[PDB]
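Student:
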Amino acid sequence: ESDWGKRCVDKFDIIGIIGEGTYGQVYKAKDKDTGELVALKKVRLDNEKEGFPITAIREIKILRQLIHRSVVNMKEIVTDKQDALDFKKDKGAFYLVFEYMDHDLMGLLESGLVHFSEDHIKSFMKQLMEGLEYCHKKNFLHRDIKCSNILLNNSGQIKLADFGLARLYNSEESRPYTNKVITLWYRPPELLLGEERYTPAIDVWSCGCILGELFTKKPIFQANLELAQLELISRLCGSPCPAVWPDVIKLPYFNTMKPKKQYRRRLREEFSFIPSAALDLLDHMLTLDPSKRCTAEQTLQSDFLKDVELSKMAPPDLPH
Amino acid sequence: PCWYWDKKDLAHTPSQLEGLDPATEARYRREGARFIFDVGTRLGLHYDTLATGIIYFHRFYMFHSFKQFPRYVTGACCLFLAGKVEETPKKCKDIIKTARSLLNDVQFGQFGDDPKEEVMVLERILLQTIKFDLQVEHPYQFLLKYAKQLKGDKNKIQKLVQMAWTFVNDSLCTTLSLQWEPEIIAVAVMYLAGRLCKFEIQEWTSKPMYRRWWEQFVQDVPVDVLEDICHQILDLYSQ
Ligand SMILES: Cn1cc(-n2cnc3c(NCc4nc5cc(Cl)c(Cl)cc5[nH]4)nc(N4CCOCC4)nc32)cn1
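Chains as they are written, first to last, in PDB author numbering: chain A, 716 to 1035; chain B, 22 to 260.
#1: Tell me, to the nearest whole angstrom, how far the beta carbon of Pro-903/A is from that of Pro-1005/A; I am working on the premise that it is less than 8 Å.
#2: Any heavy atom of ligand 1 closer than 7 Å to the beta-carbon of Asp-748/A?
#3: What do you reckon, is the C-beta of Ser-863/A under 7 Å from a heavy atom of ligand 1?
#4: At a cut-off of 7 Å, is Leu-866/A close to ligand 1 when judged by its beta-carbon and the heavy atoms of the ligand?
#5: Output yes or no for whether 8 Å exceeds the beta carbon distance between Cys-952/A and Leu-1001/A.
#6: So for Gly-731/A, helix, strand or coil by DSSP?
#7: Please identify, using Cβ separations under 8 Å, the residues of the region 788-806 of chain A that lie next to chain B, in order along the chain.
#8: Could you tell me whether any non-hydrogen atom of ligand 1 is closer than 7 Å to the CB of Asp-819/A?
#9: For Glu-765/A, which three-state DSSP category applies?
#10: So the alpha helix (DSSP H) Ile-897/A belongs to, where does it begin and stop?
#11: Tell me where the beta strand (DSSP E) around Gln-740/A begins and ends.
#12: Could you tell me whether the Cβ atoms of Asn-864/A and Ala-881/A are closer together than 8 Å?
#13: Could you give the first and the last residue of the continuous beta strand (DSSP E) run that contains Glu-814/A?
#14: Mind checking which residues open and close the alpha helix (DSSP H) that includes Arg-981/A?
#15: Could you confirm whether any beta carbon from chain B is found closer than 8 Å to the beta carbon of residue 664/A?
#16: Going by DSSP in three states, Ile-989/A sits in which element: helix, strand or coil?
#17: Cβ of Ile-250/B within 8 Å of Cβ of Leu-197/B?
#18: Alpha carbon to alpha carbon, how far is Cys-723/A from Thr-195/B? Give it in angstroms, no decimals.
#19: Below 8 Å on the Cβ atoms is my contact criterion, and I expect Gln-156/B with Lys-776/A to pass it. Report the Cβ-Cβ distance as a whole number of Å.
#20: At a threshold of 7 Å, does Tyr-815/A count as lining ligand 1 (C-beta to nearest heavy atom)?
#21: In or out: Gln-240/B buried (at least 16 other Cβ within 10 Å) or exposed?
#22: In whole angstroms, give me the CA-to-CA distance for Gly-130/B and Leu-148/B.
#23: Kindly indicate the opening and closing residues of the alpha helix (DSSP H) around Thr-45/B.
#24: Using the three-state DSSP reduction, which class does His-33/B fall into: helix, strand or coil?
#25: Leaving out five residues before and five after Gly-96/B in sequence, what residues of the same chain have Cβ atoms less than 6 Å from its Cβ?
#26: Establish whether the CB of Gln-1013/A and some CB of chain B are separated by less than 8 Å.
#27: Does the Cβ-Cβ distance between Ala-1011/A and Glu-848/A come in under 8 Å?
#28: Which residues of chain B have a Cβ atom closer than 9 Å to the Cβ of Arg-779/A, listed in chain order?
#29: For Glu-138/B, name the three-state secondary structure that DSSP assigns.
#30: If you draw a straight line from the C-alpha of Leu-997/A to the C-alpha of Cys-922/A, how long is it?
#31: Contact between the region 155-172 of chain B and the region 196-210 of chain B: three or more CB pairs below 8 Å?
#32: Rounded to a whole number of angstroms, what is the C-alpha to C-alpha distance between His-85/B and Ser-36/B?
#33: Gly-133/B: buried (16+ other C-beta within 10 angstroms of its C-beta) or exposed?
#34: Using DSSP's beta-bridge definition, name the partner residues of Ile-873/A.
#35: Just to confirm, is the Cβ distance from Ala-958/A to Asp-834/A under 8 Å?
#36: Under 8 Å between the Cβ atoms of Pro-22/B and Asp-115/B?
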């Protein structure tokens, strides 16, 4: 019950790979003893690269400190192969165990058999920002928010998962952090310009890409490299310039990474089909200047989310 | 999980069962804790990261023997893992370089031909032994929290803290971290520092006549428990 790591992974019956996570693939398994459905993340031990990943240690430390409705709950940790009776030879791995969720947001948007109403988006965005605000209040950055990391059950309950790139941030002091975080399609502009002293505003940007994707059913920034990714962000949110972002000259890659033109902001006209209450939220979440970008607590106070009573939530039906 | 044993259990550790007399194991625990404290200090590591590795060290040899695992190799692995836990990570090559500077070449021989591999390998069974319970609290945060509520002579209170702070450093060499919670150890080092300084700690509290001043910080802690902890700390200076 309390002796984690002792239990062997052969006590689980791996069914199949269900997706690609932070540090490896995600497996779907059934406990051979409890019959419960779980998800497994395999952590590797490089032994020639500081051993057990600190990113895995961060996710273990953080997920054993969080208890919330919209967050994933790590169940236990099991070991791969029993040690050859000289432990100096055992070179296996460990498996983080999680609760299994019925749906992921990536597969729902890709199918086309599902269509989310306005109340469905108001419910999903409410739970996502309530979970992100609780982590920011606890001084934890997700640093990797995408559609495959957002899970959904049949009861309409949203949970945020895959904290493989999470870490603690200093709330009352600036600190240098890791730059190469967040997937390219959801990475904020400041990270594309090489900012290492960023704020929790990087996760709000990714959630801003989720909100716009919930209406278009397609990622809004799809590029194959860092320069082309900054190009697509500039053509919609405007080019990063000191007028919209005075602190942009302090960034290392400001003069290195430059779009073809100095595009204006065409966000409000491109998403005109979006309801007015959601467009005001989308415009504020996709602000170039992270200091002028809204926080997680501010999103819950916006007109699109302040009056969204989560209870009596009606989820869409895509059945057998 | 429960990480606290009795004194009767501390006399029957895996090392005791394999023939090692209690005098030498207590010495290896002191040498191991002194090693982690000296290596991390030279690396400029935060005081919580030092105590975390030492707690990993004491907790390790409650399930494994000193005869199978060298103390300085395990002590190195504890400090390496502790840095990644407390977000103060140090390269393993930097810990080995600091270890070979302090340890004799005979003592450093425990790492074998490949000192880096010997520590990375031990990390697998170290995590299993600690049961992946990485978050560990130390008496420092409670020593500061309790003493900050004390109103009185700013000099006498400051001398009380810097003296109890030294006592917590000395308590890491003993199995006190395996007997009583950090809140209790934090109260105990205050009780000891108040005796040698001839300070009446109860006069700096809301109840100046109530002799058991610590009941506002911890609940249901008799005086004999504090006396037991003070006795084990005073045994370090009698040697
Ligand atoms: C890190 N972490 C993850 C979880 N977690 C729990 N539940 C699921 C889950 N359940 C719906 C689901 N989606 C599926 C897609 C396929 Cl193709 C198949 Cl065959 C079966 C599927 N089932 N999906 C996923 N992934 C979605 C894809 O990208 C990676 C994450 N992660 C999950 C817990 N912690």
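By construction, the Cβ of each residue, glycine as well, lies at the ideal position given by its N, Cα and C atoms.
Tutor: If we stick to the structure as given:
#1: Locating residue 903/A in the first sequence gives position 188, counting from the first residue. Locating residue 1005/A in the first sequence gives position 290, counting from the first residue. At roughly 7 Å, the Cβ-Cβ gap stays under 8 Å, so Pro-903/A and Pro-1005/A are in contact.
#2: Residue mapping note: residue 748/A aligns to position 33 of the first sequence, counting from 1. False, no ligand heavy atom lies under 7 Å from that Cβ.
#3: The residue labelled residue 863/A in the question sits at position 148 within the first sequence. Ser-863/A: yes, Cβ under 7 Å from ligand 1.
#4: As a first step, residue 866/A must be located in the first sequence, where it is residue number 151. True, at least one ligand heavy atom lies under 7 Å from that Cβ.
#5: In the first sequence, residue 952/A corresponds to position 237, counting from 1. In the first sequence, residue 1001/A corresponds to position 286, counting from 1. A contact, by the Cβ cut-off of 8 Å.
#6: By 1-based counting over the first sequence, the position of residue 731/A is 16. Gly-731/A: strand per DSSP, three-state reduction.
#7: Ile-792, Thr-794, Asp-798, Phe-802, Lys-803, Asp-805
#8: For the purposes of this step, residue 819/A is taken as the residue at position 104 of the first sequence. True, at least one ligand heavy atom lies under 7 Å from that Cβ.
#9: Reading the first sequence from its first residue, position 50 is the one you call residue 765/A. Coil.
#10: As a first step, residue 897/A must be located in the first sequence, where it is residue number 182. Careful: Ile-897/A lies outside any alpha helix (DSSP H) and carries neither H nor E.
#11: Reading the first sequence from its first residue, position 25 is the one you call residue 740/A. From DSSP, the beta strand (DSSP E) with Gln-740/A extends over 740-746.
#12: On the first sequence, position 149 is the one that residue 864/A refers to. On the first sequence, position 166 is the one that residue 881/A refers to. Cβ distance not < 8 Å, so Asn-864/A and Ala-881/A don't count as in contact.
#13: Stepping through the first sequence from its first residue, residue 814/A is reached at position 99. Unbroken beta strand (DSSP E) run through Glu-814/A: 808-814.
#14: Mapped onto the first sequence, residue 981/A falls at position 266. Segment: none, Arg-981/A is in no alpha helix (DSSP H) and carries neither H nor E.
#15: Residue coverage of chain A in this structure runs from 716 to 1035, which leaves residue 664/A outside it and unanswerable.
#16: As a first step, residue 989/A is located in the first sequence; it is residue number 274 there, counting from the start. Reduced to three states, the DSSP call for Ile-989/A is coil.
#17: For the purposes of this step, residue 250/B is taken as the residue at position 229 of the second sequence. For the purposes of this step, residue 197/B is taken as the residue at position 176 of the second sequence. Cβ distance < 8 Å, so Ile-250/B and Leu-197/B count as in contact.
#18: Reading the second sequence from its first residue, position 174 is the one you call residue 195/B. Reading the first sequence from its first residue, position 8 is the one you call residue 723/A. Whole-angstrom Cα-Cα distance: 34 Å.
#19: For the purposes of this step, residue 156/B is identified with residue 135 of the second sequence, where counting begins at 1. For the purposes of this step, residue 776/A is identified with residue 61 of the first sequence, where counting begins at 1. Going by Cβ atoms, the distance from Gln-156/B to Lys-776/A rounds to 6 Å, so yes, they are a contact pair.
#20: Taking the first sequence and counting its residues from 1, the one referred to as residue 815/A is at position 100. It does: the Cβ of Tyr-815/A is within 7 Å (strictly closer) of some heavy atom of ligand 1.
#21: For this step, residue 240/B is matched to residue 219 along the second sequence. Burial call: exposed.
#22: As a first step, residue 130/B is located in the second sequence; it is residue number 109 there, counting from the start. As a first step, residue 148/B is located in the second sequence; it is residue number 127 there, counting from the start. One C-alpha to the other measures close to 24 Å.
#23: By 1-based counting over the second sequence, the position of residue 45/B is 24. It spans 43-63 - the alpha helix (DSSP H) in which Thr-45/B sits, taken as one unbroken run.
#24: For this step, residue 33/B is matched to residue 12 along the second sequence. Of the three classes helix, strand and coil, the one that applies to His-33/B here is coil, per DSSP.
#25: What you label residue 96/B is simply residue 75 of the second sequence in a count that begins at 1. Contacts found: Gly-53, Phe-56, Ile-57, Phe-78.
#26: Indexing the first sequence from 1 puts residue 1013/A at position 298. No, because no Cβ of chain B sits closer than 8 Å to the Cβ of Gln-1013/A.
#27: Here residue 1011/A is taken as the residue at index 296 of the first sequence, counted from 1. Here residue 848/A is taken as the residue at index 133 of the first sequence, counted from 1. Yes. Within cutoff.
#28: Mapped onto the first sequence, residue 779/A falls at position 64. Within chain B, the residues near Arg-779/A are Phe-153, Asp-154, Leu-155, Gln-156.
#29: Counted from its first residue, the second sequence places residue 138/B at position 117. Three-state result, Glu-138/B: helix.
#30: For the purposes of this step, residue 997/A is taken as residue 282 along the first sequence, with counting starting at 1. For the purposes of this step, residue 922/A is taken as residue 207 along the first sequence, with counting starting at 1. Rounded to the nearest angstrom, the two C-alpha atoms are 9 Å apart.
#31: yes
#32: Numbered from 1 along the second sequence, position 64 holds the residue referred to as residue 85/B. Numbered from 1 along the second sequence, position 15 holds the residue referred to as residue 36/B. Taking the straight line from one Cα to the other gives about 7 Å.
#33: The residue labelled residue 133/B in the question sits at position 112 within the second sequence. By the neighbour-count rule (16 or more Cβ atoms within 10 Å), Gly-133/B is not buried but exposed.
#34: What you label residue 873/A is simply residue 158 of the first sequence in a count that begins at 1. Its beta-bridge partners are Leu-867/A.
#35: Within the first sequence, the letter at position 243 stands for residue 958/A. Within the first sequence, the letter at position 119 stands for residue 834/A. Their beta carbons are not under 8 Å apart, which means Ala-958/A does not touch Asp-834/A by this criterion.
#36: Taking the first residue of the second sequence as 1, we reach residue 22/B at position 1. Taking the first residue of the second sequence as 1, we reach residue 115/B at position 94. No, these two residues do not count as a Cβ contact at 8 Å.
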